[PDB]
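Here you get one chain, nothing else, as structure tokens; it is the form deposited in one PDB entry.
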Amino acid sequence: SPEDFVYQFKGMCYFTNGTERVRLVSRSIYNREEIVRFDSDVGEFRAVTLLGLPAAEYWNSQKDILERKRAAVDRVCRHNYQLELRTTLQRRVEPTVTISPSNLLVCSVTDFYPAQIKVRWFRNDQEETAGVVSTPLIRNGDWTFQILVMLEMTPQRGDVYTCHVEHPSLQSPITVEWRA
């Protein structure tokens, strides 16, 4: 097994309520150890481990570097968010909903974007939660998600099972039914 030395630099922006609240954190990472970061909430570089101490000290001592980092939340984060508003944040892809038995009923909700979604199982007129487990969101990697939501059931005569799906790409819920 050959040895590898890894370095990572991440320029991260955290957005809440549009650009009302924006937090910038740039992280310098040796192998998997974050060693220095600039957090706009703090307003200077802070070493995270001893390895990053001379970097932080050196970077903080340059007033111009500091002033540029402090302005990065507006120059970089708020600026790019304006591009996201016209593109990524408008992307809408409508989920497909399918019910299949594996007893155990599986509702597959596939090919949607964005991530915000709510899947519910009903037996007759009532929501089932006790016997329901959902996968976490599964990222397809091509800007769509899917999710599997499973229902443990003991089907009696006349039972009607409904998988109910709410998502920002739909004006109304999608409903698919299944009977034993």
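C-alpha atoms forming the largest set that superposes within 1.5 Å between two forms make up the rigid core. Each residue number is its position in the shown sequence, starting from 1.
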In the entry, residues of the deposited sequence missing between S102 and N103 amount to 4 to 9
With B-factors read from the PDB entry, the higher C-alpha mean of 124-132 and 30-38 is in 124-132
Higher of the two mean Cα B-factors (84-92, 68-76; per PDB record) comes from 68-76
One of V119, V48, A55, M153 has the largest Cα B-factor in the entry, namely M153
Chain thirds by Cα B factor, record data; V176 belongs to the lowest
Chain-relative C-alpha B factor for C13 (record values, thirds): the middle
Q146: C-alpha B-factor third of its chain, per the entry, is the lowest
On the chain's distribution of Cα B-factors, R157 falls within the third called highest
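The protein also exists as the form deposited in another entry; that form is not presented, and the subsequent description refers to it.
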Of the residues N31, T129, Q116, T49, superposed on the core between the shown form and the other one, only the C-alpha of one moves by 2 Å or more, and that residue is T129
Original post:
So, does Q156 move by 2 Å or more at the CA between the shown form and the other one, with the core held fixed?
Top reply: yes
